[PDB]
Amino acid sequence: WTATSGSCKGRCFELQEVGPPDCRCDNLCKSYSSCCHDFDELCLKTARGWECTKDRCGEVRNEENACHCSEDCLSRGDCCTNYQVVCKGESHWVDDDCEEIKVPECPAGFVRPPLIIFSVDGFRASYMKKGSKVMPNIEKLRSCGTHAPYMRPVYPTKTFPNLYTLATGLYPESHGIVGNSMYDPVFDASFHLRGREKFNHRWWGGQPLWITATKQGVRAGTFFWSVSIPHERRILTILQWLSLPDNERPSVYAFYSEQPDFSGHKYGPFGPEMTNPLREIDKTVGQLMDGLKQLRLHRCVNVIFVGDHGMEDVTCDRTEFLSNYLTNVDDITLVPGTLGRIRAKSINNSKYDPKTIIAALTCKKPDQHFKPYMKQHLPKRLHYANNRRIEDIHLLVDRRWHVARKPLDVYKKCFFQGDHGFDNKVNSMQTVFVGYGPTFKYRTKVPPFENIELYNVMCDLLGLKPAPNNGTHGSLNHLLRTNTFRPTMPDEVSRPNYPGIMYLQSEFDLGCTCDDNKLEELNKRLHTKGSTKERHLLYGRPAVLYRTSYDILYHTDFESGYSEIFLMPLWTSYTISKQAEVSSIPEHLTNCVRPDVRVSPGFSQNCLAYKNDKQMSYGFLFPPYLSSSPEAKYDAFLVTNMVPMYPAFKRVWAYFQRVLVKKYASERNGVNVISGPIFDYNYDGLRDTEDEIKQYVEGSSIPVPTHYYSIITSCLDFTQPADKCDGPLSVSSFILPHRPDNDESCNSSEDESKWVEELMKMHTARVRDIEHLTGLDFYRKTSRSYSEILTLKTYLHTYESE
Ligand SMILES: *[C@@H]1O[C@H](CO)[C@@H](O[C@@H]2O[C@H](CO)[C@@H](O[C@@H]3O[C@H](CO[C@H]4O[C@H](CO)[C@@H](O)[C@H](O[C@H]5O[C@H](CO)[C@@H](O)[C@H](O)[C@@H]5O[C@H]5O[C@H](CO)[C@@H](O)[C@H](O)[C@@H]5O)[C@@H]4O)[C@@H](O)[C@H](O[C@H]4O[C@H](CO)[C@@H](O)[C@H](O)[C@@H]4O[C@H]4O[C@H](CO)[C@@H](O)[C@H](O)[C@@H]4O)[C@@H]3O)[C@H](O)[C@H]2NC(C)=O)[C@H](O)[C@H]1NC(C)=O
Ligand SMILES: Clc1ccc2c(-c3cnc(OC4CCOCC4)c(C4CC4)c3)n[nH]c2n1
Ligand SMILES: [Ca+2]
Ligand SMILES: [Cl-]
Ligand SMILES: [K+]
Ligand code: NA
Ligand SMILES: [Zn+2]
C-alpha cells in the first residue's frame, strides 16, 4: 500500500528514497506504482518542449515549462540545453574544436571531477564506424577521448547480466543475475523481466558501484530510470543535480537508453529503420554536452559511453525445436532463445535423466545449430557454471539462431529480426567503450578489453577502493592520464626445492620399463643443473601462491615445477625456435617410462596403475617429438614428465604437440610454451585443494586433471625470435577439457587436422583464467612494466575475423 496522497512539491527526483506507505518522488517511483498524486504535474512538465527558440529568450519565468529560457535559469540550473546557443550567441559543444583536457577545469566547491556513465542498450561495436555520419556528438567523444575498437560483454550477452557486471566487476555466476530469466531452487522463486520479483534485493549479489560510493562517502545520483520518463527529462534531471550545493551534489550519475536495442529487436542490427534511433541517441549526447558546457562542466566531468552487448540478425525460421530431438519433450522446462537452459519439469519425476537428454541432443543432425553441454564442460572462458541458478544442462546456440521447446512456443508466444545472448566472443555481440574527460587520455586508442574491468576504473575515477571483483586492477591503467592504481606482484608463498641425484634405479618398483665419455658427461650434468634454463624459462619461473611442496627439475629441452602432492608437474616450460625440427618417438621407446633419480619412488607416479586402469592412459607435458637430439629425448620419458590422459584426449594432445606447436613456432618466429594440468572438480574457476579431487587413476593416489592448459608466448614484433625479444610480448592460451570422449566435436571420427584446432579455438583462454585455476603467477621476470603485463594476462585470442 502507498498513501499516494502526499506531495512532490519541492521533492522532484529526490535523491533518498522514502519508505512506504509514504509516497515517492524519485526516478524509480513509477516502476513501483508509488509516485505521489502530483508527480506527473510537478516533476514531468512538458509544456513548450525541450528547446529554446529566438522569441523565448529572456522570457518571464513560467514554472509550467519543461525547461527555461529566462534570465535567471543559469543560476537556477534549469535552462534548456540549447539556451546559450539560441539566446547568447554560444556554439554547440560538437562544433568546437577539441582541446586536450590536461587538468580538471571545475567550478569552486568541486572536490573531484564528477563521473557520468551514459549506457546504451544493444549498441553494437560496428555502429561506431557504420553510423559515424549520423552521430557527430558520439564521434567527437570517440576521436577526442580514449576509445577501444570494441568492448567484450560477459556471457550470456543479455541486458541484465551485463549491466550488473558493469556495476559490480563480477561474472554473472558470482553476482547472481545469470540471465534475463531465472529460477532459484533455494528461494523457490523466479526472476523475470516483467514484474515484481526482480525488485527483491536477494537476487542481486556483490557490491554495485552506487553502494561502494555511498559506503565510502561519495554521493551517488540514483542510477535507474522508470521507462516512461523521457530521455530529455533524464538529462535535465542530471544537470539539475549538478547544480545542487556542494554538500548535497552527487559525484556519480548514470543515464540509460533503451535504444538502439529496442529497435534492433524489431528491424535487425542494420535495418534501414536503425538510422533514426542512432540519430536520436546522438542528439541526447549533444544535449548532455551542451548542458555541461552551459554549467562550465564540459572540461570537468569524466563521461563514459558504454554499451551492454551488440545485436545479431535472428528470425523465427531459424529456430531449432527440441521436439525434433526428444520424445519426452513434456518432462522438461526449457529457458529458450539465444541460449538454452534445461531442467526437469517436476523434481518428483525420478525417471528424468540428464545423461540421456544430452545424448539425444548430441550431433543428431548434419547442420545442428546448437550444442548441448553439462555446464561444467562449457569453455572455461565463459565463467558460467558456479551458481545454483544456472541449470546443469546448457545449450550453446549458433549465432543467428534460436532454440525453442516446441513449434507452438514460437508462433503462440514473424515478430523479431534481431536478438542477442550468444557466446561473448561472437563479433556481432561486441559493444562499445569511449572515455572522455580530464582523467582519460587524449585522442588515444586502446586495445579491446572485457567489461568486467570497468568497475575498478570507475572506482579509480572516483577515488574509491573497489570491492573484491573479477577485474584485474591495473590492467586498464593505459586508459588513464592520472589516478592510476599501482599494483604489486603477489608474493610467492612456496619456494621450490632443487633436488639433485638421490635415488638409485633399483629403489623404484613402479612397473615401468625402458629400452635404454668426459666431453658429453660434463654436458648432461650442466643441463641438469639448469645451464639451458634461460632458453626455456624466458619470463622467470611462475610463482606458487599457495602452501605446497614442489621441486624444480631442469633438463636440456625443458624445465618443470614438479608437485610432490599431486605427483606431476604444475607447470612445464619449453622454447621451440622457428628452425626446430619434429622427430618421432623411436620404436624401442614407444612404451618407455624412466624413473627420475631426483624424485623419491614415494612421490612418483607408477606404470602399474595405468596398466590396471582400463579407462586411463598417459601423456607427456614436454612432447618427445620436439626433443633437441636423440640423447635429449630420454629426458622426455621421465616419470616426472608424465600425466594422466584418456585415450580420446590423447588424440587431441598428440596433434597439438606433434603438429600445432611447430606450426606456431614457424608462424610466430619461435614460441615459448608453458603447459600443465588443471583440477577444477567443483567448477568454481579456482584451483582445487587435494581434498576436492573426485577422480584418481585406479588403485593409486594419482589425481586426474579436469583440464590441460597451455600458454604460448612470442615477441609481438615477430621479426625478433621469441628467445631474443626486446619489447612487447604476444600470447595465446587455452584450457582444454580433459574428457573421456570427443562427443563435443561432431567431426571427431575424422582426421585430427579437421577438428582439433577448432576445438582448441573454442577453449581459448586468458592467462588470468589459468592463474585462478592453478594458483600460479606467470611473467614474473620481464623487462616490461607490470601494468603492461597485467594487460597481456587479460588478453583473449578470439579467432573471430575483423
Ligand atoms: C570473482 O570474484 C569474486 C569476488 O571476489 C569471487 O567470489 C568470491 O570467492 C570467495 C572465495 O571462494 C568467496 O569466499 C567465501 O565467502 C563466504 C561468505 O560468503 C558471503 O559473504 C560475502 C561477502 O559479503 C558475499 O559476497 C557472499 O555472497 C554470495 O552469496 C549470496 C547467495 O548465497 C549471493 O547473493 C551472492 O551473489 C554471492 O554468491 C556467489 O558466491 C558464493 C560463494 O560464497 C557461491 O556459492 C554462489 O554460487 C555465488 O557464485 C556471501 O553472502 C564464506 O562463508 C566462505 O568460507 C568457507 O570457505 C573457507 C575458505 O577460506 C573455509 O575456511 C570456511 O570454513 C568456509 O567453509 C564453511 O562453509 C562451507 C560451505 O557451506 C563448508 O563446506 C565448510 O565446512 C564451512 O562451514 C568463503 O570464504 C566469496 O564469497 C566470493 N564472493 C562473491 C561476491 O561471489 C570469485 O571467486 C571470482 N571468480 C573467479 C573465477 O576468480
Ligand atoms: Cl528495461 C530496463 C533494463 C535495465 C534498466 C536500467 C539500468 C541502468 N543502469 C544499470 O546499471 C548501471 C551500472 C553502472 O554502469 C552503467 C549501468 C542497471 C543495472 C541494475 C541492472 C539497470 N535502468 N532502466 C532500465 N530499464
Ligand atoms: Ca575449484
Ligand atoms: Cl536468459
Ligand atoms: K590404461
Ligand atoms: Na565426436
Ligand atoms: Zn535486447
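The chain is numbered in sequence order, starting from 1. One-based numbering, in listed order, for ligands and for the atoms of each. Basis for what follows: all heavy atoms, side chains included, without hydrogens, waters or symmetry-related copies.
Neighbours of the Na ion (ligand 6) restricted to protein N, O or S atoms under 3.0 Å: the count is 3.
Protein N/O/S atoms found under 3.4 Å from the K ion (ligand 5), listed by chain and residue number: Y610 O, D613 O, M616 O.
Here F224 and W210 bring their ring centres to under 6.0 angstrom of each other. Here the two rings, on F270 and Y127, have centers that are under 6.0 Å apart.
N451 and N162 are linked by a side-chain donor-acceptor pair at a separation below 3.5 angstrom, with hydrogens and angles left out of the test. Of the N and O atoms on the side chains of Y610 and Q605, at least one donor lies less than 3.5 Å from an acceptor on the other residue.
The closest donor-acceptor contact from the side chain of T706 to the backbone of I678 lies under 3.5 Å. With hydrogens and angles ignored, the 3.5 Å screen pairs no side-chain donor or acceptor of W401 with any backbone N or O of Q368.
Residues forming a ring-ring contact (aromatic ring centres under 6.0 Å, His included) with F622 (at least two apart in sequence, or on another chain): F558, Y574.
Among residue pairs with one or both ends in residues 172-194, those qualifying as salt bridge (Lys or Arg N to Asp or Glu O under 4.0 Å) are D184-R388, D184-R389; sequence neighbours excluded.
In this structure, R381 pairs ionically with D423, as a charged nitrogen and a carboxylate oxygen lie closer than 4.0 Å.
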